[PDB]
Protein chains: 10
Amino acid sequence: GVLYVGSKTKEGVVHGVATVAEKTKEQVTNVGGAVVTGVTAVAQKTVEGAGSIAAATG
Amino acid sequence: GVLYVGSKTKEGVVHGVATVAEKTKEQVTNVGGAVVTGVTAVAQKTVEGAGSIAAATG
Amino acid sequence: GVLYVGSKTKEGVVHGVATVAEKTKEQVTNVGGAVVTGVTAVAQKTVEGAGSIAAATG
Amino acid sequence: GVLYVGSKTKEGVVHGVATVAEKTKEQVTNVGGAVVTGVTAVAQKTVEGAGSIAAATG
Amino acid sequence: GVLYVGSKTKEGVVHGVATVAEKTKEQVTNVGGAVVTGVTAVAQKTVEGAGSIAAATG
Amino acid sequence: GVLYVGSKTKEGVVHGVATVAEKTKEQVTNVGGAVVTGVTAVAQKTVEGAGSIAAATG
Amino acid sequence: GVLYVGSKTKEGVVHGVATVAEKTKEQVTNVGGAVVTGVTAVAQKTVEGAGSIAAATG
Amino acid sequence: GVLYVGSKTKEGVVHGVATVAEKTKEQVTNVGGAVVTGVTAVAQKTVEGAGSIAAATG
Amino acid sequence: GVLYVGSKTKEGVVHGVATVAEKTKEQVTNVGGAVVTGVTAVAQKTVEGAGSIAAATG
Amino acid sequence: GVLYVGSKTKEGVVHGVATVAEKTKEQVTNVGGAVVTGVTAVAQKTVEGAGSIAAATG
């Protein structure tokens, strides 16, 4: 249907997905899907498919 | 149907998904789905599919 | 149906999903679904599918 | 049906899902579903599917 | 259907997906899907297919 | 001597010398001296001289 | 001597010397001296001389 | 002597000397001295001389 | 002597000496002295001389 | 002596001496002295002489 956005934003800061580490053997980031970041952000029908992720360690 | 947003926001700061660590053997982040971050943020029908994630350690 | 949002927000700060650690063998974050973060935030029909996540350690 | 929001909020701060630790062998966070965080936040029909998560340790 | 965006944003800063590390044996970032970052950002029908990613270590 | 001020004030509003009228033949304001207005305000040795004012009507 | 000011003020508004009128034959404002207005305001030795003002009507 | 100012002010608004009128035969403003207006404002030795003003009507 | 100013101000607005009128036979503004306006403002030894002003109507 | 200014100001607006009118037979502005306007503003020894102004109407 109808989607509307009115965003009158000022002095916007945005951080999305971050990691900070020190003396760490691994850093893993996984996204099976969609990341949207922004001051003003819209997202629809992003994951029509199977969003499935594995981080398996043996 | 109809979706409307009126956002008059000022002095916005946003952080989404963060991690902080020190002397950690691992950092894992998993997203099987959709991340939206923002000052003003909309999301619909993001995960039409199976959002399933495994972080298995052996 | 009809969804409306009127947000007149000022001096907004937002943090979503964070972790802080020190001398930790692991940090795991899992999302099988959808994360929305923001000053003003809308989300609908995010998880149409099976949002199921496993963090199994052996 | 009809959903309306009128939010005139000022000096908003929001934290969602956080963890703090020191000298902890693990940190696990699991979300099988949807997280919405924000100053003003709406969410509907988020989990149409089975939101089921396991954190099993052996 | 109809998607509209009105974004009158000023003094926008955006960071998307970042990692910071020190003396870490690995940094892995995985995206099986679509990343959109921006001041103003729209995304639809991004992942029509199966967004599935594996980060398996043996 | 020594004058110190420590003012940690938040959400300050200040009005000084105001007048409001309706259908008044005159409005007179007189200051022979010094007006200081402010959130945080200091004043010393303002009127070293003769602060003398006349509003005489004949 | 020593004058110090520490002002950590936030969300400051200041009005000094104002007048409001409707259907008034005169508005007179007189300052023989010094006006200081501000969020943070200091004033010293302003009126070393004779601050004397007359608003005489005949 | 020593004058110091530490002003850490945010979201400052300042108005000094204003007048508002409607259907008024006169508006007079007089300053014989010094006006300082500002967010942060300092003033010293402004009026070393005779600050004397007359608004006489006959 | 020593004058110091530390002003860390953000989002500053300043108005000094204003007048507003409607259907007024006169507007007079007089300054015999010195006007300083600003976000951050300093003024010293402004009026070493005789600051004396007359607005006389006959 | 020593005058120092440290001004770290952001988003500064400044108006000094303004007048607004409608259907007014006169507008007079007089300055016998010195006007300084600015975001950051300093002024010293401005009026060493006699700052004296007359606005006389007959």
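Residues numbered from 1 in each chain as written, not as in the entry; some residues may be left out. Chains lettered and ligands numbered in written order. Heavy atoms only, no water.

Student: Sorry if this is basic, but what is going on with the packing of aromatic side chains here?
Tutor: Inspection of the entire model under this criterion finds eight aromatic pairs over all chains. Among the aromatic residues, those joined into a cluster by ring pairs are A:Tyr4, B:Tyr4, C:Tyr4, D:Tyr4 and E:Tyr4. (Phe/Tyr/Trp six-rings, centres within 6.5 Å; stacked < 30°, edge-to-face > 60°.)

Student: Quick question: what am I supposed to make of the environment of G:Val17 here?
Tutor: One can find G:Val17 in the loop between β2 (13-14) and β3 (28-31). Between the C-alpha atom of G:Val17 and that of G:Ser52, which follows or precedes it by 35 residues, the distance is 18 Å. Non-local contacts of G:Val17, meaning those with residues more than four positions away in its chain, are made with F:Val17, F:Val35, H:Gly16, H:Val17 and H:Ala18. (Helix = DSSP H or I, 4+ residues; strand = E, 2+ residues; numbered from the N terminus. Contact = heavy atoms within 4.5 Å.)

Student: Explain the pattern of salt bridges here, please?
Tutor: Side chains that differ in sign of charge can pair as their charged atoms come close. One pass over the full model with this rule turns up 17 salt bridges over all chains. As a salt-bridge pair, I:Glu11 and B:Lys10 come within 3.3 Å of each other at their nearest N and O atoms. Remark: B:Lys10 occurs in strand β1 (residues 6-10) and I:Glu11 occurs in the loop between β1 (6-10) and β2 (13-14); the pair is interchain, linking two chains. One exposure class covers both I:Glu11 and B:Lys10, and it is buried. The class for I:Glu11 is buried, based on a relative accessible area of 13%. (Salt bridge = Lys/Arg side-chain N within 4 Å of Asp/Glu carboxyl O. Buried < 20%, exposed > 50% of the residue type's maximum accessible area, 1.4 Å probe, protein only.)

Student: For this particular structure, what's the right way to read the interface of chain A and chain E?
Tutor: The accessible area lost on association of the parts is a frequent measure of interface size. Residue-level contacts link 58 residues of chain A with 57 residues of chain E. When chain A packs against chain E, close to 4,300 Å² is buried across both sides, 46% of that on carbon and sulfur atoms. On the chain A side of the interface with chain E, the three residues burying the most area are A:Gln27, A:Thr29 and A:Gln44, jointly 11% of the side's total. Run the count over chain A and chain E and you get one salt bridge. Elements that contribute at least two residues to the side of chain A that touches chain E include exactly β1 (6-10), β2 (13-14), β3 (28-31), β4 (35-41) and β5 (52-54) of chain A. Counting residues per element, the side of chain A that touches chain E draws most heavily on β4(A), at seven residues. Tallied by class, the residues present in the side of chain A that touches chain E amount to 25 nonpolar, 24 polar and nine charged. Of the strand pairs in this sheet, β4(A) and strand β4 (residues 35-41) of chain E are connected by six bridges, and their pairing is parallel. (Buried area = accessible area lost by both parts, 1.4 Å probe. Nonpolar A, V, L, I, M, F, W, Y, C, P; charged D, E, K, R; others polar. Pairing = 2+ DSSP bridges.)

Student: Is there a simple way to think about the side chain of H:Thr37 in this case?
Tutor: Locating H:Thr37 in the fold gives a position in strand β4 (residues 35-41). A residue is classified by how much of its surface remains accessible, and H:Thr37, at 0% relative accessible area, is buried. Excluding residues that lie within four positions of it along the chain, H:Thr37 makes contacts with G:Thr37, H:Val14, H:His15, H:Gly16, I:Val14, I:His15, I:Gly16, I:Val36, I:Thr37, I:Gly38 and I:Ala41.

Student: Just to check I follow, could you spell out the sheet that holds strand β2 (residues 13-14) of chain H for this structure?
Tutor: Sheet strands associate in pairs through backbone hydrogen bonding, adopting either a parallel or an antiparallel arrangement. Spatial ordering of the open sheet is given by β2(F)-β2(G)-β2(H)-β2(I)-β2(J), a layout of five strands whose pairing is parallel. Each of the sheet's edge strands pairs with one partner strand only, and the pair in question is β2 (13-14) of chain F together with β2 (13-14) of chain J. Direction of pairing for β2(I) relative to β2(J): parallel, over a ladder of two bridges. Across the sheet, residue I:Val14 finds its bridge partner in β2(J), namely J:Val14.

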